[PDB]
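Asker: no sequence for this one, just the structure:
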Ligand SMILES: C[Se@@+](CC[C@H](N)C(=O)O)C[C@H]1O[C@@H](n2cnc3c(N)ncnc32)[C@H](O)[C@@H]1O
Ligand code: SF4
């Protein structure tokens, strides 16, 4: 509030780049504990005698390295590609799908070689032109919540803004967006916020900004000319979810009244979890009310990795149909991009 790490690791090669040099100067000036690491994917000595201790301390650790995997992963249905600017998050959302993602790390990572990253992004744009290529920047992190430290997202926003056939988008649970308001986005960036019922936010989303904070930031970015959108996720069938989500869209409409919502977008994602979710989540959040009963769910099999549990077809349709009714009631002319 806003996030500042208690421990910072640096790859030695990171210091050769402008951002790495700038961060090293910043954190040494702040007197924060700094260590060295050979690879950002192999960080040693994070404090903690228990797994819970190491996990929580990792969430307060920043790692500064060089992106060496310049192949961009797909990020459908959100966008064509995931632009790799950062990985990990300081939040403690109980359901966070990044916890059980293959090769995920609990600590926060930022990449310094932005020239290489944007150059590769331009290559992908060139390969598909004159078709539009969309980039997701918050696929494996909360890029916005981290950005006050680096301004990497601001540079990405202004890079994409200068292109002809490139578009950027990202979604956040944080309100610390003041530095991005004067960015030359040029109408080519979709600034989104994750929203949910009061039940889900209060019980499952600690370490994030409040709903009022997210909406205050939503008004700022909209007022600064960004395309605005919302991601209703995870859509979770808690006790009283029907009324819970009704009141979400009602309150959302009240907090956005007066604004032009002609180009407003919605994305709907039902709660999913993997087979290793139960063991990991209960270890890290032992007092959680999160229901991970797999016998009530439908399993979707993985392609190259493992799959995940989602709600049964009839429950899923019921969620989709109900959410679509509320959006049409409170936001007519807003576009629902997908339900998954
Ligand atoms: C990984 Se989130 C990264 C972006 C940013 N840190 C943010 O939280 O908005 C991407 C979205 O997916 C949702 N989401 C997270 N976990 C799950 C899940 N297990 N099931 C279903 N949805 C899940 C989150 O609420 C986000 O709206
Ligand atoms: S804010 Fe997003 S990335 Fe961070 S823990 Fe919550 S769902 Fe995961």
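Answerer: Structure's in. What do you need? Residues are numbered from 1 along each chain as shown. Ligands and ions are numbered 1, 2, ... in the order given.
Asker: C-alpha from now on. contacts and neighbour counts both.
Answerer: Fine.
Asker: now do the helices in the stretch 201-340 of the chain.
Answerer: Ranges of helices in the stretch 201-340 of the chain, per DSSP state H, counting those that start in this stretch, are 211-223, 241-255, 277-284, 313-330.
Asker: out of the ones you listed, which is closest to ligand 1?
Answerer: Among those, the nearest to ligand 1 by CA to the nearest ligand atom is helix 277-284 (8.9 Å).
Asker: residues from the protein in reach of ligand 2?
Answerer: 89, 91, 92, 93, 96, 141, 142, 173 (CA under 6 Å from any ligand atom).
Asker: tell me the buried residues in the lengthiest strand in the chain?
Answerer: Among the segments of the chain that qualify as a strand by DSSP state E, the longest is strand 227-235. Neighbour counts over strand 227-235 (16 or more other CA atoms under 10 Å) mark 227, 228, 229, 230, 231, 232, 233, 234, 235 as buried.
Asker: same question, stretch 247-256
Answerer: 247, 248, 249, 252, 253.
Asker: and what of stretch 24-41?
Answerer: In stretch 24-41, counting by 16+ other CA under 10 Å, buried: 24, 27, 34, 37, 39, 40.
Asker: could the residues of the chain next to ligand 2 go into a markdown table alongside secondary structure and neighbour count?
Answerer: Output for the residues of the chain next to ligand 2, formatted as a markdown table (DSSP: H, G, I helix; E, B strand; the rest coil; neighbours: other CA atoms under 10 Å):
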| residue | secondary structure | neighbour count |
| --- | --- | --- |
| 89 | coil | 28 |
| 91 | coil | 20 |
| 92 | coil | 16 |
| 93 | coil | 20 |
| 96 | coil | 19 |
| 141 | strand | 24 |
| 142 | coil | 22 |
| 173 | coil | 24 |
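Asker: check whether stretch 159-169 contacts ligand 1.
Answerer: No. Using CA under 6 Å from any ligand atom, stretch 159-169 never reaches ligand 1; the gap is at least 10.8 Å.
Asker: quick check: end-to-end length of that stretch?
Answerer: This stretch, stretch 159-169, spans 13 Å end to end (CA to CA, to the nearest Å).
Asker: show me the domain layout of the chain.
Answerer: 1-113, 114-340 (curated CATH domains).
Asker: pretty sure residue 320 contacts residue 339?
Answerer: Yes. At 6.5 Å, residue 320 counts as touching residue 339 under the criterion of CA atoms under 8 Å.
Asker: quick one: name the residues of the stretch 201-340 of the chain near ligand 1.
Answerer: 231, 233, 234, 269, 270, 271, 272, 273.
Asker: confirm that residue 120 lies within a strand, as I assumed.
Answerer: No. The assignment for residue 120, made by DSSP: H, G, I helix; E, B strand; the rest coil, is helix rather than a strand.
Asker: does it touch residue 70 like I think?
Answerer: Yes. Look at residue 120 against residue 70 with CA under 8 Å: they come within range, at 6.9 Å.
Asker: thinking again about what came up before, between the residues of the stretch 201-340 of the chain next to ligand 1, which is nearest residue 111?
Answerer: residue 231 (25.6 Å; CA to CA).
Asker: for the closest one, name its beta-bridge partners.
Answerer: Beta-bridge pairing of residue 231 under DSSP bridges involves residue 194, residue 267.
Asker: now do the same contact list for it.
Answerer: Residues near residue 231 by CA atoms under 8 Å, 6 or more residues apart in numbering: 171, 192, 193, 194, 195, 266, 267, 268, 269.
Asker: ok, back up a step: which residues are in contact with each of residue 320 and residue 339?
Answerer: By CA under 8 Å, 6+ apart, the residues touching both residue 320 and residue 339 are residue 268.
Asker: pretty sure residue 72 sits in a helix.
Answerer: No. Per three-state DSSP, residue 72 lies outside any helix segment and is coil.
Asker: look up how far ligand 2 lies from it.
Answerer: Residue 72 sits 19 Å away from ligand 2, taking CA to the nearest ligand atom, to the nearest Å as the criterion.
Asker: residues contacting that residue?
Answerer: Going by CA under 8 Å, 6+ apart, the list of residues near residue 72 reads 81, 82, 83, 84.
Asker: and the third one, how many residues sit next to it?
Answerer: Counted with other CA atoms under 10 Å, residues neighbouring residue 83 total 27.
Asker: and the gap between residue 303 and ligand 2?
Answerer: 23 Å.
Asker: start at 31, not 1
Answerer: Sure thing, new numbering starts at 31, so read that last one as residue 333.
Asker: for that residue, phi and psi?
Answerer: When read as degrees, to the nearest 10, the backbone of residue 333 gives phi -100, psi -70.
Asker: closest one of the buried residues of stretch 277-286 to ligand 2?
Answerer: Closest to ligand 2, out of all of those and judged by CA to the nearest ligand atom, is residue 278, at 18.1 Å.
Asker: do I have it right that that closest one meets residue 227?
Answerer: Yes. With contacts counted by CA under 8 Å, residue 278 reaches residue 227, the gap being 5.6 Å.
Asker: packing partners of the helix or strand where residue 188 lies?
Answerer: In this structure, residue 188 sits in helix 182-192 according to DSSP states H and E. Secondary-structure packing of helix 182-192 (3 or more CA pairs under 8 Å, 6 or more residues apart in numbering; DSSP states H and E): helix 144-158, helix 173-177, strand 196-202, strand 219-225.
Asker: all set now, cheers.
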